[PDB]
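Peer 1: Protein chains in written order, with the deposited numbering: chain C, 21 to 650, 653 to 697; chain B, 21 to 698; chain A, 21 to 472.
In this text, a Cβ means the ideal position worked out from N, Cα and C, and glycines have one as well.
First the structure, then my questions, so here it is.
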Ligand code: HDD
Ligand code: HDD
Ligand code: HDD
Ligand SMILES: [Ca+2]
Ligand SMILES: [Ca+2]
Ligand SMILES: [Ca+2]
Ligand SMILES: [Ca+2]
Ligand SMILES: [Ca+2]
Ligand SMILES: [Ca+2]
Ligand SMILES: [Ca+2]
Ligand SMILES: [Ca+2]
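Now the structure itself:
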């Protein structure tokens, strides 16, 4: 509603100033036709002042990201576990807006950097805006919010030269990770495929912190939020991610945009783990510690409702850039915990909007407005867009008949702090000793990945640590990695020419947990939206016919098909010059195009070797690949015909049926070497 | 209200955050009943953050002021002199918002400082917002906008100690005035009663600069804007103004507010002088020079329409504080001239809103919004409220079919610069010699005042210049004033114990012009809203009766009546403790209260001598005063007021008393009570 | 460093607040060891408030870039052609700071996008800061500054979805180019290897506009600035640039930084073409039109001096992010022309610094300060760092003895507008017909390239 009221249509009409005076804006007013521009040209100055002031500070973290509208629908009346109004009835719908992001990069940095990712969700509830400001990884680097600028200074570019962009592959970051062992768990997640998701739709969301569900009788339970993807879990490989950062920095935002435009809006089951207050230390670690997960073997997930994103913004700046999330946007039926990471966040997100917005009335921007009436005695401030009719904005008053009325647990559906909560003890700047195991869970996570996934994680660390210049930092990194796993430390040390420290088995173990592996999570549950590149030629009308035949068969099943040839024409979407294997989830060469794949093939229309390099890159990166028409191509690529995920069929139908199974498998991991 | 779409009502409902979450706001969340406050108390921090951020920079000038909504109505179809849409039909109405102000004082300074006054009018026209950003004085201190910081630094407080507030009565101001002779004309105005108007309703507004009216055929004429009060012109006296500043700093804003609430919303005829382009230098001065008026004897006023203010704001900060006027808010049919003061203003008022608002989307505030659609390619910026559908905001485009289309003289009702305008010559930083007579028009104004009015102007200068510490500066002041009038320099010099310099008659003359004198502008055309204090007593039930009878008779005629007595009760509005002569336009004592006027009278309920002081001050400041009931000698003798004085009334009959007293309210001030230099 | 006065050393000492109280910053203050954080924890709040407020708006264009300090050295006394003090003696040295950039991308976008590039140079002269705010391409896309938002909207990402980053390869850009044919000359330059230079050191810098040199006697000549690389000209190839954008988004800034650190600081000869006022239309186009070059065959380069960059910044944000260039930073001896693109720039760069800095005292930032005294009556404003002793900051005054004195052509080495300049005619919003050939110069350029 606040959005619809502020939509501005410029599909017709004459140009006006911001005060509705019709004007022009194409030629400056000058003293003669070859003369100096005049100060009295208000048309020039208003247009250029606006331009000059377009930009606002980027977000201090998560500067790079993209958003969409949708709806949350409750599966049930959840009154038995929370008073939350948005959860109080089967089928109850609440509008949402979600923004997804990286963490370290500035605006304009690439989507496919290796990083932690944001997953921030606003529920415009009938009892106020409720935000769950989460990440795609369920644990955080640090245990106390006061350390956030340390973490973030260390990962962001070195501040003398501002190098490197959007990367932890520098001395300072690994200096911090090695000195602050709490970082191990999130580190291991970021060095897995969770640091390079295939799309925002193929990752989960996590609140990280323990929160409370509070009932209308005052009782509480402890919860963790999990948003579980209905699209499946999928990652890129690092070598692919690096090329994609160059070829399409906008890959995740375009994937989102496109999925929504085609009627394939992504979905998640909004879930919780729910445990009793008495179980704060029962699972072998402290539920106040944001570097720990509750293994699902100890507390299963309950599905609360469906999150669907199905509408793109109208103006990115107004909606996506200006959305201002806060964990302080809480509603009756939810409460905080004493997680010292959460506790400090509550301060930060209120304060930082003053930086972004430049003034205190940021909740008035349409994307930040609620969908219920606002009744309070907040007044004035720069940018004040309301005209308040209550001329006695103080409590207690008689002159406004004691309105607005105080809301609390007893009346008015007020927020209230869970009334069972207490504090006791000295006023301290001390870390709880219950937070001191920094290594067991990183090992739990590592144990739960498949062998090739473990290899990819090792290889990520090998990559990044080999770029650390400091020999001491690199030694200190091995010291910490060795506390998680001696084998990781040895394997990583081998790439950097150092020896690993001797095994220290204090935290070693062989326990695993379900639901953290990407490679182990089975085939994708849908292939709709996945991209197939068909490599063809204009030389041979046979090639274009085969391509068209595959197109119809793949499109029917919701795949996005790109036919690539030397030059554009009817049925060809993309020239070889602009094509890359990073643009596809699977690649098919029509056998009529075989000539383009020869070592001597050359054209002024694309770079030498491009058609073959698309095919070979796709294969090396694990993708389903094949040749359709029943040979030259598989041999030019040194691609084995018997390999899993390599397809070779004369029959278009048999080809598509086999090829679509391989898109669901998504990645053929047998093509990656192990230690 | 014209801003009803933006109104928020809080007459019902439970307290919420700004995101609609019901909350409380009266107790902090604490770790135990006697414990420390918690960081997780979001209720506390959202509330206090908002409080901590309430303030915005005051305006760089005109910080002290007040506003109201109203309606402009055209008297005619003016399409034969201007294309301006708001003037294009008889009876055509346009919403307005007006803010009045002083100039030098900060927020919270007193309304009744001696100063220039602003009068800034927004017309929310059907072809865009059009602002006339004027003053109550028709001429400006300086002739080029680049000098404005110099002027304003010199008048504003000295920057080491920030003293004095809201006053030109200090060395720096008079240094600048004496060094920059352009200032003489506005200085003479500010030192007249125009520097201390009775109210905003009793002053005129002027655009100061020559502008252009431009027809749809592209022809132009030169115009001056003159908003002429239908309430009459009136001033305070200085001795009164000084007290009033202390007793009621809000006097002008309260007067306006009250007049609108009572259904007596003030009115002005919006008028122009209209002259041809060929007359730019025909009147003996340059029409580009903002230190000159065109005498009404050379060019008469044409009444274009009625401005009436009739609705107070709902939220002062949102509407009055935030209104951001600009002379760059111009409409088709009006154009600029090459007046160097005007030319630079155009820059300043767009820039300065960035300071006030903190971001570039200030035209989106409700009070600044137009009442017609906006179609342009301005985008983003902090605080962006709009959600623009056009995703191709560049010209020229095909992907948005070429919209928005360019508007100009021939299409779309565009603004256009008057096509007859030209420029010639070297690119220069020099002053036109046509601007060099700084002294003839100040003398024209002074010549046009009555003798008591001229004494008041001399006394204002005596007062201020006596507070200048520097003997140098004071001599330089006398040097400049002497160029306007030797008699002024002599009479000022006498108070400060210097000799005036020898006469220099270069610019002396005896010409006069109509319409600049307050004292000479004849009785007020209406007495509605004027204030009558009735001084009574609770000791005599007959004095209360007398007061009640006078109340009924005066209220019939639209006077604001206050009955004063020792204590409040039914029919008594104010105590002597809170009353003052600055609160009234006339003072009546009921003769049943004579005992309160004796030298010996004392009470713990009010300061010694308060009833009599009210009467004596009112008399000494020129107001109509009297005693009603027939026994007048005890009160008049205590006050040293002669029963036969002009504007002194004594009648037993309430009806006759009121008939006579009302004539005196229209006369307004009895100027025979002020001494003149021989 | 030239900014040594403002440096802060933290190689020793105990952690303090901003007001010098020693503190800690690693654990929050809590009501109990597993308790909630306390509002009275000022250590936490001061630290996190600073963090929360670290960012400032990126530049509206040229957001992605990097800078270095160096020195300019005059080859001669140029008194013959300009009163500019920095050019008045052989060997005269002036400190400089230079920032290089792309145009369209935001912060964090890749260095090796295909784009126009900035080359902005500040000379911290003994008669005031003088900036030449240039590009590596000598011509601009448009002929009137009022059009800049249109160009820039069209080349920046589409505003519904903010796609694509740092690229002209989208409908809106090519729509604008094809509807505004002025854009052809720059477009051909940007689609050449000049759009993907090998490094900032392997590109030239151009002022683009005609400016004036003005002598002390008031006479003037028309000039174009050229900064000619002593490293040579080199480009990437486009396939290579695309991969490099992914592998190393920081390639140009690293190349620069490393060159300086190794003692290979890059050099340019600072040159001008110098023609008479009477030649404004003599070359077959109008010297007021920023979409045209003067062919070197018509006016040769004169070498004025040497630009060498040889010192990297100490704090990128303080120095590089904060440097606020302006074409209005001009000195006696130089003047503007009536190029309608230049004319409107003069407004933009003073105004935009209010957005970036959030207040009016941005010339007080160390990187923006001049290296000579400041004497004026500018006062107050948010962030005011000066404590002004003159309590009579108005002119004309007696109470401060008439100081500061006015400076002009004849007194105090004032800036002055070239006194031969004039204007004639109607006040118009019309384009000179002398600007109308959008296509010959693009062809000239294309013809000058080799076959490959
Ligand atoms: C003490 C400070 C602090 C700490 C410990 C954290 N953050 Fe945060 N976060 C910020 C301070 C902050 C911020 C500076 O306040 C940001 C920048 C922009 C904004 O609105 O808030 C932000 C932004 C931000 C966003 C981007 C929201 C958007 O798309 O606009 C996400 C998703 C997260 N954070 C998620 C997290 C998670 C899951 C954390 C740990 C569980 C976390 N942050 C800890
Ligand atoms: C070069 C600068 C400059 C000059 C020469 C003037 N002013 Fe001005 N004026 C401003 C710069 C300014 C300003 C700094 O831009 C203000 C402060 C607040 C605002 O909106 O504009 C302003 C405010 C302001 C206001 C207050 C409007 C309101 O109520 O909000 C009035 C009535 C005037 N001025 C009137 C005048 C008149 C009649 C002038 C001469 C004919 C004049 N000003 C010259
Ligand atoms: C009407 C506005 C306008 C126009 C026509 C131009 N520019 Fe500009 N330019 C700006 C408005 C602007 C700006 C918005 O004012 C920027 C953003 C940051 C800043 O300081 O100024 C800017 C920044 C900017 C920078 C970055 C400086 C730095 O590194 O901090 C360079 C190098 C240029 N521009 C170069 C040019 C050249 C060579 C132009 C044409 C010859 C040009 N600009 C036309
Ligand atoms: Ca580093
Ligand atoms: Ca993986
Ligand atoms: Ca003084
Ligand atoms: Ca008077
Ligand atoms: Ca025009
Ligand atoms: Ca586009
Ligand atoms: Ca600000
Ligand atoms: Ca000059």
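Given the structure, does residue 294/C come close to ligand 1, in the sense that its CB is under 7 Å from one of the ligand's heavy atoms?
Peer 2: The residue labelled residue 294/C in the question sits at position 274 within the first chain. Residue 294/C Cβ: outside cutoff for every heavy atom of ligand 1.
Peer 1: Examine ligand 2 and report whether any of its heavy atoms sits within less than 7 Å of the Cβ of residue 327/B.
Peer 2: In the second chain, counting from the first residue as 1, residue 327/B sits at position 307. Every heavy atom of ligand 2 is 7 Å or more from the Cβ of residue 327/B, so no.
Peer 1: Check each residue of the stretch 415-442 of chain C: if its Cβ is closer than 9 Å to any Cβ of chain B, include it; give the result in chain order.
Peer 2: Against chain B - using a Cβ distance shorter than 9 Å - the residues of the stretch 415-442 of chain C are 415, 416, 420, 421, 423, 424, 425, 426, 427, 428, 431, 432, 433, 434, 435, 436, 437 and 442.
Peer 1: Specify which residues have a beta carbon nearer than 6 Å to any heavy atom of ligand 5, listing them in chain order.
Peer 2: Residues close to ligand 5 by the beta carbon criterion (under 6 Å to any non-hydrogen atom) are, from first to last along the chain, 213/C, 255/C, 473/C, 476/C, 538/C and 539/C.
Peer 1: Would you say the beta carbon of residue 437/B comes nearer than 7 Å to a heavy atom of ligand 8?
Peer 2: Numbered from 1 along the second chain, position 417 holds the residue referred to as residue 437/B. Yes - ligand 8 has a heavy atom lying nearer than 7 Å to the Cβ of residue 437/B.
Peer 1: Does residue 60/A come out as helix, strand or coil in the three-state DSSP assignment?
Peer 2: As a first step, residue 60/A is located in the third chain; it is residue number 40 there, counting from the start. Here residue 60/A sits in coil by DSSP.
Peer 1: Just to make sure I have the definition right: I need the residues of chain C whose C-beta is within less than 8 Å of the C-beta of residue 363/B. Which are they?
Peer 2: What you label residue 363/B is simply residue 343 of the second chain in a count that begins at 1. Correct list: 59 and 60.
Peer 1: Given a cut-off of 8 Å, decide if residue 357/B and residue 206/B are closer than it, judged by their beta-carbon atoms.
Peer 2: Translated into the one-based positions of the second chain, residue 206/B becomes position 186. Translated into the one-based positions of the second chain, residue 357/B becomes position 337. Taking a C-beta distance under 8 Å as the contact criterion, residue 206/B and residue 357/B do not qualify as a contact pair.
Peer 1: Is there a Cβ of chain B sitting closer than 8 Å to that of residue 652/C, yes or no?
Peer 2: Within chain C, residue numbering steps from 650 directly to 653, and residue 652/C belongs to the interval with no atoms modelled.
Peer 1: Report the start-end ranges of each alpha helix (DSSP H) in the stretch 461-496 of chain B that is 4 residues or longer and not cut off at the edges.
Peer 2: 471-486
Peer 1: What ranges does the beta strand (DSSP E) occupy inside the stretch 229-264 of chain B, keeping only unbroken runs of at least 3 residues that lie completely in it?
Peer 2: 231-234 and 240-249
Peer 1: Going by DSSP in three states, residue 315/B sits in which element: helix, strand or coil?
Peer 2: As a first step, residue 315/B must be located in the second chain, where it is residue number 295. Three-state result, residue 315/B: coil.
Peer 1: Of the choices 442/C, 663/C, 101/C and 393/C, whose alpha-carbon is the least far from that of residue 34/B?
Peer 2: Along the second chain, one-based indexing puts residue 34/B at 14. The shortest C-alpha separation from residue 34/B is found at 393/C.
Peer 1: So, residue 162/B versus residue 226/B, is the Cβ gap smaller than 8 Å?
Peer 2: Your numbering for residue 162/B matches position 142 in the second chain. Your numbering for residue 226/B matches position 206 in the second chain. Residue 226/B sits away from residue 162/B, with the two beta carbons spaced by 8 Å or more.
Peer 1: Using a Cβ-Cβ cutoff of less than 8 Å, which residues in the same chain neighbour residue 201/A once the five nearest sequence positions on both sides are dropped?
Peer 2: Mapped onto the third chain, residue 201/A falls at position 181. Contacts found: 458 and 459.
Peer 1: In the DSSP assignment, find the unbroken alpha helix (DSSP H) run with residue 564/C in it and report its ends.
Peer 2: Translated into positions along the first chain, residue 564/C becomes position 544. Run containing residue 564/C: 561-575, per the alpha helix (DSSP H) assignment.
Peer 1: Just mark residue 100/A as buried or exposed, buried being the case when its beta carbon has 16 or more other beta carbons within 10 Å.
Peer 2: Locating residue 100/A in the third chain gives position 80, counting from the first residue. So residue 100/A counts as exposed.
Peer 1: What's the C-alpha gap between residue 375/B and residue 379/A?
Peer 2: What you label residue 375/B is simply residue 355 of the second chain in a count that begins at 1. What you label residue 379/A is simply residue 359 of the third chain in a count that begins at 1. The straight-line gap from Cα to Cα measures roughly 8 Å.
Peer 1: To the nearest angstrom, report how far apart residue 324/A and residue 25/C are at their CA atoms.
Peer 2: For the purposes of this step, residue 324/A is taken as residue 304 along the third chain, with counting starting at 1. For the purposes of this step, residue 25/C is taken as residue 5 along the first chain, with counting starting at 1. Going from the Cα of residue 324/A to the Cα of residue 25/C covers about 60 Å.
Peer 1: Can you tell me where the beta strand (DSSP E) holding residue 152/A begins and where it ends?
Peer 2: Within the third chain, residue 152/A is the residue found at index 132, counting from 1. Residue 152/A -> beta strand (DSSP E) spans 148-155.
Peer 1: Looking at the C-beta of residue 403/B, does it have a partner C-beta in chain A at a distance below 8 Å?
Peer 2: Stepping through the second chain from its first residue, residue 403/B is reached at position 383. It does not: the Cβ of residue 403/B has no partner Cβ on chain A nearer than 8 Å.
Peer 1: Within the 8 Å Cβ cut-off, does residue 67/C reach chain B?
Peer 2: As a working mapping, residue 67/C is identified with position 47 in the first chain. Residue 67/C counts as touching chain B.
Peer 1: Could you work out which residues of chain A lie near residue 277/C, taking near to mean beta carbons separated by less than 9 Å?
Peer 2: Along the first chain, one-based indexing puts residue 277/C at 257. The answer, in chain order, is 180, 181 and 183.
Peer 1: Tell me whether residue 449/A counts as near ligand 8, meaning its Cβ is closer than 7 Å to at least one heavy atom of that ligand.
Peer 2: The residue given as residue 449/A occupies position 429 in the third chain. Under cutoff, so the answer is yes.
Peer 1: Assuming residue 179/A contacts residue 688/C under a Cβ cut-off of 8 Å, what Cβ separation, rounded to an integer in Å, is found between them?
Peer 2: What you label residue 179/A is simply residue 159 of the third chain in a count that begins at 1. What you label residue 688/C is simply residue 666 of the first chain in a count that begins at 1. Contact flag wrong, Cβ pair sits at about 34 Å.
Peer 1: Can you pull the chain B neighbours of residue 274/C, defined as C-beta to C-beta under 7 Å?
Peer 2: Translated into positions along the first chain, residue 274/C becomes position 254. Near residue 274/C there are no residues of chain B at all, since even the closest Cβ is about 15 Å away, more than 7 Å.
Peer 1: Under 8 Å, with one C-beta from each stretch per pair, do the stretch 248-260 of chain B and the stretch 300-318 of chain B reach the 3-pair mark?
Peer 2: no
Peer 1: Considering only the alpha carbon of each residue, which of 135/C, 344/C, 447/C and 47/C lies closest to residue 153/C?
Peer 2: Here residue 153/C refers to the residue found at position 133 when the first chain is read from its first residue. Minimum Cα distance to residue 153/C is reached at 344/C.
Peer 1: Sort 249/C, 685/C, 626/C and 444/C by Cα distance to residue 644/C and report the nearest one.
Peer 2: Your numbering for residue 644/C matches position 624 in the first chain. When only C-alpha atoms are compared, the closest one is 685/C.
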